[PDB]
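An overview of the molecular structure
Residue strings, one per chain:
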Amino acid sequence: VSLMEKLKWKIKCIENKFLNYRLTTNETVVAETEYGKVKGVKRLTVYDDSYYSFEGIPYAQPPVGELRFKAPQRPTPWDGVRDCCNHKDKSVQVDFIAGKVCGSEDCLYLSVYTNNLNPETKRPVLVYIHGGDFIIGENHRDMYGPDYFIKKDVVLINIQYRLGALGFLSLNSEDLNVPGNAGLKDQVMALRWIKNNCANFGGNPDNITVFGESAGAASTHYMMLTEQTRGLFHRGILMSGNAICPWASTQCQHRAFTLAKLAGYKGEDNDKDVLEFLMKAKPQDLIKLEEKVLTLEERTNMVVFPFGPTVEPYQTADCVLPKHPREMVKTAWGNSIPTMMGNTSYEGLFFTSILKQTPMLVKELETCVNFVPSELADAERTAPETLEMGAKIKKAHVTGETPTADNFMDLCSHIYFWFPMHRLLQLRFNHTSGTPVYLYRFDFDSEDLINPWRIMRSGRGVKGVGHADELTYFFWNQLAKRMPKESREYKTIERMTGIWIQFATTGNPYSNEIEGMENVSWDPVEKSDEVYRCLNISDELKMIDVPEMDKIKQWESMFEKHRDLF
């Protein structure tokens, strides 16, 4: 991120602060929770809709002191009224734009938003789990404003959960009770809170939808896989990711020692002494060092992140992931709830600036051996069969004589999103009984309305619909502006929130009351389908054969002689 955009961002932060003052009314309201009363505030949007805002509702004890690295514990109840008229801290993380550490360990909070606290009928509850690679993100309204959803009669809830090493440290020694996945256990405890408390805000605990994008989609899928959450919610939406994506899990049990050493630890590699050191470290020091944790060997083997969701080494009462997510799909309660999945039309455009900084990355397309799924590749990636699989990847994506950056980004869309989606659909068909799954493809490009993640990846002016560009049409943010009612952007906001609300309500994303959806016949994907069909959202809403299908089939062909691994 350039100094020019950093200054522009700081200017936007200040302007947003004063806008939020002008959007705050003097009307406050009290609601009940199982732990005590909370005070919220009525806010306006730039469109002059209004909503009640409760931020900083605790769903767990602050995970500090002896509770660092542990599963969340239920919070202490209070008498009186807890002030929820302002946001709390985000989880400790490196700011995606400023590049300095921010946040606090005191971050286990959720926010609840609704246009009417005493509605005439109990409302669908939509629960958003943010992405950010399990290392960044927040429920702050400068990124995730509820202003578009609250136009309609739903309850919207945005959760936080622990990030980075603080959320995902994992140690083999059973006596230490640090098995991993604390941040996913935070999500579990928040979902239990939502089930138990949403009725106090007008919500229907029998009609909860969990949705999330990127690592939030992997998170939502994990919440559909684990026995810990069986029956807690009723629809799921996986936006650009799932839990069997190769980037969505890692075995990180040996990395706590490495992190401790980077932070000044002088002792030996045993879990007890390593944990003792990490319990005393300042949290900012651990988070700032996370980028250095992966070893030369792990980088060589293309490990994505050092700490993240892991297969837990031993069983505990709160265990979320007892087996690899591919095996968990086989018995998952969430296979039996209505599900919607989708991606954008140029997911890999996300890598534009990375390829500008290091153009030699395109040389990876000469053989493509480094993109072959690890379960199919030999250890050295030199075996003739591995070169043959790489050649199939190359044929799918290299469209001219010499590989290009655009070819690289197209490949990225598939390795990180489309191919894992295909593998999940095919795996899940073998372990479900007719519960429908619906596909969408987000294909609406505008540069009149943008979001902060385009700036974070240095993508202003870059044409195409990249990863996370759809969030602009779901959430208000501090870079947004009021759009005319007749504008293509405004209509896209109405269509996207409208489809998500319709799916959350009924488990079927089609409604003739959504403009442009009248002539849509949106069937779910069947086991017998050889070509997937999806609702493509552009300036129009159209059912189409997934354009990515041919390339998806080319990736699948690598498994022809290894079908047991597909």
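Residues numbered from 1 in each chain as written, not as in the entry; some residues may be left out. Heavy atoms only, no water. Residues with missing side-chain atoms left out of burial classes, pairs and counts.

If you check the PDB entry, the protein chain appears there as Carboxylic ester hydrolase from Lucilia cuprina. The UniProt entry for the protein chain carries the following text under Sequence similarities (unreviewed entry): "Belongs to the type-B carboxylesterase/lipase family." (UniProt positions renumbered as here; feature names shortened; annotations may be inferred.)

1. Structural notes on a nonpolar patch on the surface
Together, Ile14, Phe18 and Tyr21 line one region of the surface with nonpolar side chains, adding up to about 330 Å² of accessible area. Mapped onto the elements of the fold, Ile14 is located in helix α1 (residues 3-22). (Patch = residues over 30% accessible without salt bridge, like charges linked within 9 Å, V, L, I, M, F, W, Y side chains within 5 Å. Areas by Shrake-Rupley, 256 points an atom, 1.4 Å probe, with all protein chains shown as cover. Salt bridge = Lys/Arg side-chain N within 4 Å of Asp/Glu carboxyl O. Helix = DSSP H or I, 4+ residues; strand = E, 2+ residues; numbered from the N terminus.)

2. Some details on the UniProt feature "domain: Carboxylesterase type B" (unreviewed entry) in the protein chain
Following the UniProt record, one finds the feature "domain: Carboxylesterase type B" (unreviewed entry) at residues 30-543. Spanning residues 30-543, this segment combines 26% helix with 16% strand, and its end C-alpha atoms are found 45 Å apart.

3. Describing the packing of helix α5 (residues 255-262) against helix α6 (residues 271-280)
As a packed pair, α5 and α6 sit with axes 10 Å apart at the nearest point and diverge in direction by 50°. By the criterion of interaxial angle, the relationship of α5 to α6 is oblique. The hand of the α5/α6 crossing is left-handed. Along its contact with α5, which presents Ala256, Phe257, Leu259 and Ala260, the element α6 presents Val274, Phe277 and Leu278. (Axes fitted to C-alpha atoms, helices over the stretch in contact; angles between N-to-C directions. Parallel < 35°, antiparallel > 145°, perpendicular 65-115°, else oblique. Left-handed = near helix turned anticlockwise from the far one by under 90°. Contact = heavy atoms within 4.5 Å.)

4. Considering the nonpolar core
One broad rule of soluble globular proteins: the nonpolar side chains tend to lie buried together. Membership of the largest hydrophobic core comes to 96 residues, with the highest contact counts inside it found for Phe54, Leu110, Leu169, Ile194 and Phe233. Both domains that meet at this core, namely domain 1 (1-326) and domain 2 (338-566), each give it at least three residues. For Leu169, the residues in contact, after removing those within four places along its chain, are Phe69, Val178, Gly180, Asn181, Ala256, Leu259, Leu275, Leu278 and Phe307. (Core = buried A, V, L, I, M, F, W, Y, C linked by side-chain atoms within 4.5 Å. Buried < 20%, exposed > 50% of the residue type's maximum accessible area, 1.4 Å probe, protein only. Domains from an automatic or database assignment.)

5. A look at the pairing of strand β11 (residues 235-239)
Each regular strand carries side chains that alternate between the two faces of the sheet. In terms of burial, β11 is a largely internal element, 5 of the 5 residues being buried. Going residue by residue along β11, you find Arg235, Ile237 and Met239 tucked away on one face and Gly236 and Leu238 tucked away on the opposite face as well. In terms of strand pairing, strand β10 (residues 203-213) meets β11 through 5 bridges, oriented parallel. By the bridge assignment, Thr209 is partnered in β11 with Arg235. You can see the chain leave β10, run along helix α4 (residues 215-225) and come back into β11, and the turn it takes is right-handed. Bridging between β11 and strand β12 (residues 339-344) involves 4 bridges; their strand directions are parallel. Looking at β12, one finds that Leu238 is bridged to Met341. (Pairing = 2+ DSSP bridges. Right-handed = clockwise from strand over helix to strand, strands pointing away.)

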